[PDB]
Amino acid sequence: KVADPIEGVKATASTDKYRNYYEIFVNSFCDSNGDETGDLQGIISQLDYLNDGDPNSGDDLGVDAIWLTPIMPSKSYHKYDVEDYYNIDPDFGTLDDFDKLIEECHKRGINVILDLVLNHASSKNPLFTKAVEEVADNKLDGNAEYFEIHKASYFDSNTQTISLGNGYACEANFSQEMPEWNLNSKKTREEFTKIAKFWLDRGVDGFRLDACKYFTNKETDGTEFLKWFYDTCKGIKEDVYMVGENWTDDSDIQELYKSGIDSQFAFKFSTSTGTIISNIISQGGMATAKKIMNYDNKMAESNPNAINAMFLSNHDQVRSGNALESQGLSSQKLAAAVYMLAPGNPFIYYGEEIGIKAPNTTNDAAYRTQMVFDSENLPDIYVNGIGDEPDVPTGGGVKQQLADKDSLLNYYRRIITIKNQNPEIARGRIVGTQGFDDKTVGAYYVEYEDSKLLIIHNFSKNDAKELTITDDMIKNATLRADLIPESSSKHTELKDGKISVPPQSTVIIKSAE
C-alpha cells in the first residue's frame, strides 16, 4: 500500500483574510426552537461541525469563515428587503444571540461577514415610508433625498419604478418592495457610515455586498461609490474584508476592482454553464488551468491585492450537484478540488459538501432547501412553496458522510486540510501553466513569497496519466499532497521523477526542504 503523502504534515489555522468560506442561507440551516425556521442559535449549535478550532484533530468540516445571508428584520423568508438595518429579525434571534454567535465563531477561528444590502431598502423601511409620505405632500428635500426619486420622465421605459405622488417615482429594479437608495446622496452616505459602524462595532469581520451591478446607473459611478464605502469602512477597521456580488461580465468586474474591494464572486467559473463544470464534463484540464491563470492575473491588474472568490453555485442558482452527481461522484470530488485549489477564497454553499440537490429549477426556494445533519433524523424547516421535509441526499446527511471514508464530505475535509498545510495555494499568484502534452491534464504553478507549488489535475474520467517531473519544473520535487477520488485508501508517489496521476485526481508537487 502506498503511504498517504499528507501524513505527518502539520496544519495551521488561518489568521488573515484568506479563508475557506461557507455561505449559510439562514432560514434553511438549523431550527433550534421548533417553529420550522432556521435561526442563529441553530447555527451556534452546529459550530463544532463547521470548525472545532483544531486543524490537526477532529472530524469537523473545517471552514474558517461564514457569510450569513440577510439577518435583519424583513417580512420575507430571504430578507433581502431590509426593514431595519440596526437589529436582528426576531425569527432569527436577538442582538444578544448575534453577539454570542460572533463570540463562539471567533473562539473557533471562524470569521463572520454579513450580507449588506446597499442598492435598495424595503418599501416598509420607515426611512422610505416617511419619504413616500413627504413626496405625496410635494416635499422633496426631506427623506426623499435618501432614495432614487425623480420625476417619472427621468426613467427609461425598461427601468422598473415605484410610482409616488406628484408625478415622482423611485427606481426599483428588483421589485416593488425594493426601492433603491441614491448612492450619491450625502444623507445616504452618512447613513451607510452609521450602519457599517454599528455592525463593525459588534466584531463583524466584513461584508458581502449585494447587487453591486446596480450601483452603477446614469448618474452613479459604482466604482466611485464602492471606493468611498470601502475606504470609509477601512478607517473604522483597517483589516476589513469585503466580497462583492457583481453579476456581470469580466470587464465590469475588473473595473469595479479599482475600488480596492478584496473580492468579487467569479461567476464565470460557476454553474453547469460555467468553466469548471463544463470542462469537467469535456475532460478539458489544460483549458481550465489556462483560464484560471488568466482570470486571476487579469483581476490582479486592477487590484494587486485581489482575492478571487471561486464557487460552483450559490443561493441564486441551481445546485451544482444537479449537474455533477449524474456525471459520477468522482466528478463532484474533482470539481471541489479544482475550484478550491485556485487562488483566493472559495465559497462553499451550505449543503454542497453533502451533495444536496435542488428539487426543481422553477422556484428559487428549490436552491435553498433544508440542511441535513442526520439522514436518520430529518429536519423540519418550512421552505417557501416547497414543503417542510427534505429529500435524503444520495450519500446521507452529515453524520452518515463523516462515517463513510469515501464520502464527498470527507473529500472537502481533506482539501481544507491540504490548504491548511500549504499557505501558498490561497495566497499566491499563478506564474505559469505546465503542459504535459495532453489537453486532459491541467497544471499550474502558484507562487507566494518565493515558494512555488505545482498543482496537477487529471481530468480523465477513466485513464491514469504517467507524468515526468523535472528539476526545471520543481527542483528536488516531492509529492506534497494527493486527492484521488476513487478510494480514500488509494495514494500515489513520485518515484525516480515519475508519478502516476489516477483518473480525476489532483497532486501537488513541492521542493524538498
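We number the residues from 1 along the sequence you see.
333-341 and 377-385 differ in mean CA B-factor, and the higher of the two is recorded for 377-385. Here 452-460 and 468-476 are compared by their mean Cα B-factor, and 468-476 comes out higher. As recorded in the PDB entry, 94 shows the highest C-alpha B-factor of the residues 119, 94, 317, 259. When the C-alpha B-factors of 153, 264, 182, 410 are read from the PDB record, the largest value belongs to 153. Residue 494: CA B factor lies in the highest third for its chain, per the PDB record. Per-chain ranking of the deposited C-alpha B factor places residue 162 in the highest third. Among the modelled residues of its chain, residue 512 has a C-alpha B-factor that falls in the highest third according to the deposited record. When the modelled residues of the chain are ordered by their C-alpha B factor, residue 86 lands in the middle third. Among all modelled residues in its chain, residue 131 ranks in the highest third by Cα B-factor.
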